[PDB]
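K.L.:
below: the sequence, then the experimentally determined structure.
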There are 4 protein chains.
Amino acid sequence: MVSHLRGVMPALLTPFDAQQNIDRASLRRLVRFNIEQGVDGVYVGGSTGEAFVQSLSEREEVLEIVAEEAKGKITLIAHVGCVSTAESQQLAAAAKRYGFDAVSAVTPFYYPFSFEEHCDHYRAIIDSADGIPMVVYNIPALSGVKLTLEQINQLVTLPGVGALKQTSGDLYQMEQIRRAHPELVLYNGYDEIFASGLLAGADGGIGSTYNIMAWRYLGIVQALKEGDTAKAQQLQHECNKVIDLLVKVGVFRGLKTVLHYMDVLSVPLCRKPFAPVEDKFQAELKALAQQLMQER
Amino acid sequence: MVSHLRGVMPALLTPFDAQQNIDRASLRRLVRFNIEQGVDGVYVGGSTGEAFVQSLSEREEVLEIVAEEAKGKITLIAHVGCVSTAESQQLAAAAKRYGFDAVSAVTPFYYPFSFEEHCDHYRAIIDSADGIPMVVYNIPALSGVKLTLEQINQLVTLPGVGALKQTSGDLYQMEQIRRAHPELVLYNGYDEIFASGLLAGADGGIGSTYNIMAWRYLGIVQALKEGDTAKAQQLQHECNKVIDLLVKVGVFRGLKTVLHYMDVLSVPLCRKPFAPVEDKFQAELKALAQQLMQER
Amino acid sequence: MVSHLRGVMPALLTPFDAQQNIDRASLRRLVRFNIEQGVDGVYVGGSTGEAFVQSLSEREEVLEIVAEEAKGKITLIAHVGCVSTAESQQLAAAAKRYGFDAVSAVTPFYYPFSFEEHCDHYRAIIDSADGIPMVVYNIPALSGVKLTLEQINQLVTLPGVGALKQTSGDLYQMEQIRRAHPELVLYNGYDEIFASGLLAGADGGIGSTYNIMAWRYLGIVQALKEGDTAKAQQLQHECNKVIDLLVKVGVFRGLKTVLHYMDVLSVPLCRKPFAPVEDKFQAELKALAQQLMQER
Amino acid sequence: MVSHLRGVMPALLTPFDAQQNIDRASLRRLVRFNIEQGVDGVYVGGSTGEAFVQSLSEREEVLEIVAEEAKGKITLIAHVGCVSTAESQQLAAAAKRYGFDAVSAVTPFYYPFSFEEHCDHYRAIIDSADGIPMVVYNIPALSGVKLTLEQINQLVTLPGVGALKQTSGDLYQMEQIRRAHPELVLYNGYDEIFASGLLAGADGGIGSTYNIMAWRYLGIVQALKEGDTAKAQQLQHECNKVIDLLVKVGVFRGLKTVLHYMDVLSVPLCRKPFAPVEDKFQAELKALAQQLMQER
Ligand SMILES: [Cl-]
Ligand SMILES: [Cl-]
Ligand SMILES: [Cl-]
Ligand SMILES: [Cl-]
Ligand SMILES: [Cl-]
Ligand SMILES: [Cl-]
Ligand SMILES: [Cl-]
Ligand SMILES: [Cl-]
Ligand SMILES: [K+]
Ligand SMILES: [K+]
Ligand SMILES: [K+]
Ligand SMILES: [K+]
């Protein structure tokens, strides 16, 4: 009942137009672009989607648009997480109305919450999701929430939880989670260690860089299944050459810029306070777009 | 032109009613209660005000109500900070319309921003504030933003910045900031070290616990000015006996509960995912309210 | 000229007798036991060897004994690192006299040193090593020294450096190091992610748990070379079931206890302040020893 | 029975000669220099004394020399801490033989030890100290040991513990320790917040910078007792102008250089891997020595 959640799913970017409003035409084209990459699903309204610089109604708008393009074609996961439980429940109710296959919520952040408060937060969102499963987070680096292994085990046991988005570079814990939960849908969250995270126990992944090169991550899955160790390592090397550049330039805006040079997004801007890409990086980003298109 | 910003200012709590909606009647009463405590100002819509579980229109509503009660009576500082620059600018424009004396913005969080992106964020908010000064943050513990001393010096030099809210327990840096900026309005942000923070260079403070015992913090200011070292230490001891209990019970909800037992707030709830206060703590919180009222 | 350094090498434990003195007979037997496991080398006098609760003359004694047993049979690496450069140089000169194939030194710790001070420390030790190569450390978790990628690149370029002991769970950095240094001897230092660390770029490893189950780590190397992804994952699962227990009981003393039940060490004690193993864990540790012996 | 431990005590530096050997003549002169500054005691063989780049016999030599110069004149505290319990016990037995008034030991570091292992370590050292009290540490920044308040309370309750060296900038915890232990000898360990640490509850201090300007820290004690808030703040400002420079140049070697320009130490070197002072800083350090001598 949760096996359709396993796989490689881009964490969708939210295109903005030149005035910082949602670019709905480019959003639809980005959804179709990821579908045509052969991905298993899309993860909508996550941090990568710039959820935390959007209002609730803006996030609902994005969810509804993506469901219009993708429902029944690929798996649809709606990240509904806010700090507020009531805000998260509103987005989860919307994702249900729009036909999403699952919801997800980051551990609520900024304020210190007890573990039981985290559990009650997820329980409330699951209830509002009205029958579609929940993807929990581990995320300690961006959220500041540093969960134990025993707490993870209680989260993935919550009624209605169908998967864990493991946004951690700790592949000892990845292996421990897999060993304790042999059937759990377990997403690798750090793109730069994808091959090693799969080997440590993840059976899929959610990642921002999948928007520009999903076939490489799909190829790593395939190489490891095939027994082609060297091919997995070679593909990860090429992914990380790209991630190196994205870190230098700014990850979300570098991804959006590459997509603009691939004719997917009309405008590659992030919302303030993200600055635009520096002019000195445009040549490398355009060359990267050319290289990735040629590689297909 | 910024001397009216110096002093002891509660970080206002936002009262909610039994359904998690803003309790406007109790908000007005809390403002009047803090005024009658002899405070120098109020800091509205900060983290203590549960800003990050409120919408923009809810935050504007609170700002407007507090200005109605307090303008011309005490200094009014509006915390307008969001992750989004455009959202922060909307709140700053509103604070200006409502007659606030200053705006403030937490360093934008969750996503990694460069220092120049932080500066441009503050510059944009200052522009939207349309002539009232800006209070910058240091805050590294809740926001995850860990700023250098040289960066602080450039922030407090930004045109339009009139003060620094130093939410740090590093009193070496407090002293270095004071030594580099002898005229800077410098708020102590950690209530539990207020006396020591003043001694290290702060000339005032913004704090959540001032809502229930401002006269103690005003008395510490006075004791240090008078030369009564022992009185400052005794008052801080009593403050920290209270802070100990607030940490045990949950700080915002413990403060709101004490205020409810002082007949200031009708309903002491925080928004989810904050749980209600555990029943086992109610006796101690009611006894604390009684003790504080007797002390006046 | 450094290819003989590549491979799987136990970080040797130092056996102590019942009075906390070095147990020289059990040390010799442990060396022969690791040789008979088919390992490529042994790493002597590391943290795992309890170097930092031993005097210099005790560490030299251990080095000399191990060289007597192992020289010409397996690769010999001497960890000579102390906080003091002069102490480290004494141990490096000794390792040279005893016929070691390489020296190694942890980044000097406790006191903050600049990166150039680290480099000069390694240069001095390399000089005293009088022609045998140096294995540098990354280690940030135990030493508190948190090095950048650019600094690593200058360390592995120091004249006389032949390898890097990457004691980090960051497999993005592991991959970046490999991509920047395709020929570098690169040891995985976290046993619990060995398979994933090899996949990320390590071409061998140095580990404390190799003393009781080296054939599993050798088998992971082989499985990845063969293309047997599932076998690598299965072996790592079994390693981590063991590491889980070792963490619960105390790693060094649990390893020594298992070796005592394998008839390798006469006495399984660590030096104070390590406590002895709790009685409640002895059954599990004896069962583990039985299982590992049966597995051969 | 522990009141003689309260006060202002320099953490003694260990002078080395030009070849990195202990400079015994300059050590004796430094002891007499600190005595003539009016200090209450000296703390010997601490981290500031470069204990962790010295052998046990070198540390014993220093202890014995300092007792020869200081016993019966000022309080003598011997830092005997090593990672090894047995090494620490040897130094504690020596300190007893030499007539020290107390011993001290840093929380054992590098390897993770349980809290009970820490307690047993202190108990063993107290026993070897044979009747002189023990000064415990909190130190989390250099040692990596991050102790809770409840654990501190059990440490200062250990039979034979007479004081706590609070090497932390957390002045909430300082105040909590004082409130829980109104009679405890409580040393401020961060020189750069001395005035604020006294105000928060410390009743003395142990510090490296006291070697060059003890009269300023004694004057802060006096100013706070007198009620001269501004004088305490002014003296701390001047201390921190000095600490700023010492951080820029390297603290131990900057202190030793100042002492050399005061004609106290013949040679201002630290042991490798500490580099010598850069030539560009010598003018500032000589001017500082001149200023401090004039100030007396
Ligand atoms: Cl399209
Ligand atoms: Cl609706
Ligand atoms: Cl009222
Ligand atoms: Cl308007
Ligand atoms: Cl044998
Ligand atoms: Cl010799
Ligand atoms: Cl003399
Ligand atoms: Cl003796
Ligand atoms: K990242
Ligand atoms: K707090
Ligand atoms: K470990
Ligand atoms: K320091």
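P.N.:
Good, I have the coordinates. Residues are numbered from 1 along each chain as shown, chains lettered A, B, ... in the order given. Ligands and ions are numbered 1, 2, ... in the order given.

K.L.:
is any residue of the longest helix along chain A near chain B?
P.N.:
Longest helix of chain A, by residue count under DSSP state H: helix A:229-249. No. For helix A:229-249, no contact with chain B is found by C-beta under 8 Å from any C-beta of the partner chain; the gap never falls below 10.0 Å. No exception for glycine: its C-beta is placed from N, CA and C like everyone else's.

K.L.:
and that helix with helix C:229-249, angle?
P.N.:
Between the axes of helix A:229-249 and helix C:229-249, defined by axes from the mean of the first three to the mean of the last three C-alpha atoms, to 10 degrees, the angle is 60 degrees.

K.L.:
which helices and strands sit right next to helix A:229-249?
P.N.:
Secondary-structure packing of helix A:229-249 (3 or more C-beta pairs under 8 Å, 6 or more residues apart in numbering or on different chains; DSSP states H and E): helix A:194-199, helix A:210-226, helix A:251-261, helix A:282-295, helix C:171-180, helix C:194-199.

K.L.:
closest to residue C:89 out of the ones you listed?
P.N.:
Of all the helices and strands packed on helix A:229-249, the one in closest proximity to residue C:89, counting by C-beta to C-beta, is helix C:171-180 (26.9 Å).

K.L.:
quick one: neighbours of residue A:29, just the number.
P.N.:
Residues near residue A:29, counting by other C-beta atoms under 10 Å in any protein chain shown, number 18.

K.L.:
swap that for residue A:142, sorry
P.N.:
18.

K.L.:
for the one 3 residues further on, same thing?
P.N.:
One way to gauge burial is a neighbour count; for residue A:145, by other C-beta under 10 Å, it gives 19.

K.L.:
near chain C, which residues of chain A are found?
P.N.:
Counting by C-beta under 8 Å from any C-beta, chain A sits next to chain C at A:169-172, A:175-176, A:179, A:190, A:192-193, A:195-197, A:199-201, A:224-229, A:232-233, A:236-237, A:240-241, A:243-244.

K.L.:
which of those residues are buried?
P.N.:
A:169-172, A:175-176, A:190, A:192-193, A:195-197, A:199-201, A:224, A:227-229, A:232-233, A:236-237, A:240, A:243 (16 or more other C-beta atoms under 10 Å in any protein chain shown).

K.L.:
so how far is the longest helix of chain A off the chain centroid?
P.N.:
Offset of helix A:229-249 from its chain centre (C-alpha atoms, centre = their mean, to the nearest Å): 18 Å.

K.L.:
angle of it against helix C:171-180?
P.N.:
Using the same axes, to 10 degrees, the inter-axis angle of helix A:229-249 relative to helix C:171-180 is 100 degrees.

K.L.:
pick out the residue of chain A closest to ligand 5.
P.N.:
In chain A, the residue that lies nearest ligand 5 is residue A:172 (33.7 Å; C-beta to the ion).

K.L.:
now the residue nearest to that residue when sequence neighbours are not counted: phi and psi?
P.N.:
Nearest residue to residue A:172, sequence neighbours excluded (C-beta to C-beta, 6 or more residues apart in numbering or on different chains): residue C:192, at 4.0 Å. With angles defined as degrees, to the nearest 10, residue C:192 sits at phi -70, psi 0.

K.L.:
the residue of chain A closest to ligand 5 contacts residue C:240, doesn't it?
P.N.:
Yes. Using C-beta atoms under 8 Å, residue A:172 is in contact with residue C:240, at 6.9 Å.

K.L.:
re earlier: show me what contacts the residue of chain A closest to ligand 5?
P.N.:
Contacts for residue A:172 (C-beta atoms under 8 Å, 6 or more residues apart in numbering or on different chains) come out as A:200, C:169, C:190, C:192, C:193, C:240, C:243.

K.L.:
and the residues you listed as a markdown table, adding distance to ligand 5?
P.N.:
Output for these, formatted as a markdown table (distance: C-beta to the ion, whole Å):
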| residue | distance to ligand 5 |
| --- | --- |
| A:200 | 37 |
| C:169 | 35 |
| C:190 | 30 |
| C:192 | 30 |
| C:193 | 32 |
| C:240 | 30 |
| C:243 | 27 |
